[PDB]
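**Q** Here's a structure for you.
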Amino acid sequence: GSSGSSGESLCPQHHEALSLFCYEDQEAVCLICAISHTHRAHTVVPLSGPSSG
Ligand SMILES: [Zn+2]
Ligand SMILES: [Zn+2]
């Protein structure tokens, strides 16, 4: 089909499993970004929920 493995995305720069999400920028980020100059002092929040796991 159109998609192959619909599991998780990957940063367009780090290509890492995107699980985090910045608040200010209002966009998705990765483990790296979180601890990067770009979103260093930014409010990053996890995109996980107590529902699934
Ligand atoms: Zn990243
Ligand atoms: Zn940010």
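Following the order of the structure tokens, first chain is A, next is B, and so on, with residues numbered from 1 inside each chain and ligands from 1 in the order they appear.
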From chain A, collect each residue whose DSSP state is strand (DSSP E) and return the set as a compact mmCIF listing (two decimals) with N, CA and C atoms, in the first residue's frame.
**A**
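Contents of states-v1.txt, as written:
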```txt
# COMPACT_ATOMS: atom_id res chain seq x y z
N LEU A 20 9.20 13.36 20.92
CA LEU A 20 9.02 14.61 21.65
C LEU A 20 8.37 15.67 20.77
N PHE A 21 7.98 16.78 21.37
CA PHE A 21 7.34 17.87 20.64
C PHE A 21 7.52 19.20 21.37
N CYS A 22 8.09 20.18 20.68
CA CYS A 22 8.32 21.49 21.26
C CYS A 22 7.01 22.25 21.42
N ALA A 28 7.06 19.09 16.05
CA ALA A 28 7.63 17.85 16.56
C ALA A 28 9.15 17.87 16.51
N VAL A 29 9.78 17.21 17.47
CA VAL A 29 11.24 17.16 17.54
C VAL A 29 11.72 15.76 17.91
N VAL A 44 9.93 21.48 25.77
CA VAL A 44 9.62 20.26 25.02
C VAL A 44 8.75 19.32 25.84
N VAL A 45 7.74 18.74 25.19
CA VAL A 45 6.83 17.82 25.86
C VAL A 45 6.75 16.49 25.12
N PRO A 46 6.62 15.39 25.88
CA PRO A 46 6.53 14.04 25.32
C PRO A 46 5.21 13.81 24.58
```
**Q** Dump the neighbourhood of ligand 2 as a list in words: all residues within 10 Å, distances computed on only C-alpha atoms and all ligand atoms.
**A**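 Based on only C-alpha atoms and all ligand atoms, ligand 2 is surrounded within 10 Å by residues 21, 22, 23, 24, 25, 26, 27, 28, 29, 33, 34, 36, 37, 38, 39, 40, 41, 42, 43 and 44 of chain A.
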**Q** Would you save the residues from that selection as a compact mmCIF listing (two decimals), in the first residue's frame, using N, CA, C and O atoms?
**A**
```
# COMPACT_ATOMS: atom_id res chain seq x y z
N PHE A 21 7.98 16.78 21.37
CA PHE A 21 7.34 17.87 20.64
C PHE A 21 7.52 19.20 21.37
O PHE A 21 7.15 19.33 22.54
N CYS A 22 8.09 20.18 20.68
CA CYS A 22 8.32 21.49 21.26
C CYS A 22 7.01 22.25 21.42
O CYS A 22 6.08 22.09 20.62
N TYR A 23 6.94 23.09 22.45
CA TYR A 23 5.74 23.88 22.71
C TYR A 23 5.79 25.21 21.97
O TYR A 23 4.93 25.50 21.14
N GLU A 24 6.80 26.01 22.27
CA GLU A 24 6.97 27.31 21.64
C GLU A 24 6.86 27.19 20.12
O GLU A 24 5.95 27.74 19.50
N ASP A 25 7.81 26.47 19.52
CA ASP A 25 7.82 26.28 18.08
C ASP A 25 6.53 25.62 17.60
O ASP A 25 6.12 25.80 16.46
N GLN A 26 5.89 24.87 18.49
CA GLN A 26 4.65 24.18 18.17
C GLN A 26 4.87 23.16 17.06
O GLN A 26 4.07 23.05 16.13
N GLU A 27 5.96 22.40 17.17
CA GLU A 27 6.28 21.38 16.17
C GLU A 27 6.88 20.14 16.84
O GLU A 27 7.16 20.15 18.04
N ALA A 28 7.06 19.09 16.05
CA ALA A 28 7.63 17.85 16.56
C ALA A 28 9.15 17.87 16.51
O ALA A 28 9.74 18.47 15.61
N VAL A 29 9.78 17.21 17.47
CA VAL A 29 11.24 17.16 17.54
C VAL A 29 11.72 15.76 17.91
O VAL A 29 10.92 14.84 18.10
N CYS A 33 17.34 17.20 18.96
CA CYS A 33 16.78 18.55 19.00
C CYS A 33 16.59 19.00 20.45
O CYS A 33 17.07 20.06 20.85
N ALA A 34 15.87 18.19 21.22
CA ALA A 34 15.61 18.51 22.62
C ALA A 34 16.85 19.09 23.29
O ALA A 34 16.78 20.12 23.97
N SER A 36 19.50 20.37 21.79
CA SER A 36 20.23 21.08 20.74
C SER A 36 20.11 22.59 20.93
O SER A 36 19.24 23.07 21.65
N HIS A 37 20.99 23.33 20.27
CA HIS A 37 20.99 24.79 20.37
C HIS A 37 19.65 25.36 19.92
O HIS A 37 19.16 26.34 20.49
N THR A 38 19.05 24.74 18.91
CA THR A 38 17.77 25.19 18.39
C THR A 38 16.71 25.22 19.48
O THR A 38 16.18 26.28 19.81
N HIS A 39 16.42 24.05 20.05
CA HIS A 39 15.42 23.95 21.11
C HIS A 39 16.09 23.61 22.44
O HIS A 39 15.61 22.76 23.19
N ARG A 40 17.19 24.29 22.73
CA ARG A 40 17.92 24.06 23.97
C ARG A 40 17.11 24.53 25.18
O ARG A 40 16.80 23.75 26.07
N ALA A 41 16.78 25.82 25.20
CA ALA A 41 16.00 26.39 26.29
C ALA A 41 14.53 26.50 25.91
O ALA A 41 13.88 27.50 26.21
N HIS A 42 14.01 25.47 25.26
CA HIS A 42 12.61 25.45 24.85
C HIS A 42 11.81 24.45 25.68
O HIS A 42 12.37 23.51 26.26
N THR A 43 10.50 24.65 25.74
CA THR A 43 9.62 23.77 26.50
C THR A 43 9.19 22.57 25.66
O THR A 43 8.19 22.64 24.94
N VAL A 44 9.93 21.48 25.77
CA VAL A 44 9.62 20.26 25.02
C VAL A 44 8.75 19.32 25.84
O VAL A 44 8.98 19.13 27.03
```
**Q** Please report, as a tab-separated table, each residue of chain A lying at most 9 Å from ligand 1, together with the nearest pair of atoms and the separation in Å rounded to one decimal; use only C-alpha atoms and all ligand atoms, and order rows by chain and ascending residue number.
**A**
```
residue	atom	partner	partner_atom_place_in_ligand_line	distance
A:10	CA	ligand 1	1 (Zn)	8.1
A:11	CA	ligand 1	1 (Zn)	4.8
A:12	CA	ligand 1	1 (Zn)	7.1
A:13	CA	ligand 1	1 (Zn)	5.8
A:14	CA	ligand 1	1 (Zn)	4.6
A:15	CA	ligand 1	1 (Zn)	6.9
A:16	CA	ligand 1	1 (Zn)	6.7
A:17	CA	ligand 1	1 (Zn)	8.8
A:18	CA	ligand 1	1 (Zn)	7.7
A:28	CA	ligand 1	1 (Zn)	8.5
A:29	CA	ligand 1	1 (Zn)	5.2
A:30	CA	ligand 1	1 (Zn)	4.2
A:31	CA	ligand 1	1 (Zn)	6.5
A:32	CA	ligand 1	1 (Zn)	5.1
A:33	CA	ligand 1	1 (Zn)	4.1
A:34	CA	ligand 1	1 (Zn)	7.4
A:36	CA	ligand 1	1 (Zn)	8.2
```
**Q** Return as a PyMOL selection string the full set of residues in chain A whose backbone-based DSSP assignment is helix (DSSP H, G or I).
**A** chain A and resi 31-34
**Q** Export, as a PDB file, in the first residue's frame, the selected residues with N, CA, C and O atoms.
**A**
```pdb
ATOM      1  N   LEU A  31      15.061  13.314  20.036  1.00  0.00           N
ATOM      2  CA  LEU A  31      15.929  13.296  21.209  1.00  0.00           C
ATOM      3  C   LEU A  31      17.031  14.344  21.087  1.00  0.00           C
ATOM      4  O   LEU A  31      17.295  15.094  22.028  1.00  0.00           O
ATOM      5  N   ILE A  32      17.668  14.393  19.922  1.00  0.00           N
ATOM      6  CA  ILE A  32      18.737  15.352  19.676  1.00  0.00           C
ATOM      7  C   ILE A  32      18.240  16.784  19.841  1.00  0.00           C
ATOM      8  O   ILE A  32      18.661  17.498  20.753  1.00  0.00           O
ATOM      9  N   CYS A  33      17.341  17.199  18.956  1.00  0.00           N
ATOM     10  CA  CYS A  33      16.784  18.545  19.004  1.00  0.00           C
ATOM     11  C   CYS A  33      16.585  19.002  20.446  1.00  0.00           C
ATOM     12  O   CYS A  33      17.070  20.059  20.845  1.00  0.00           O
ATOM     13  N   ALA A  34      15.869  18.194  21.222  1.00  0.00           N
ATOM     14  CA  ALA A  34      15.608  18.513  22.620  1.00  0.00           C
ATOM     15  C   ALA A  34      16.849  19.093  23.293  1.00  0.00           C
ATOM     16  O   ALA A  34      16.776  20.117  23.972  1.00  0.00           O
TER      17      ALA A  34
END
```
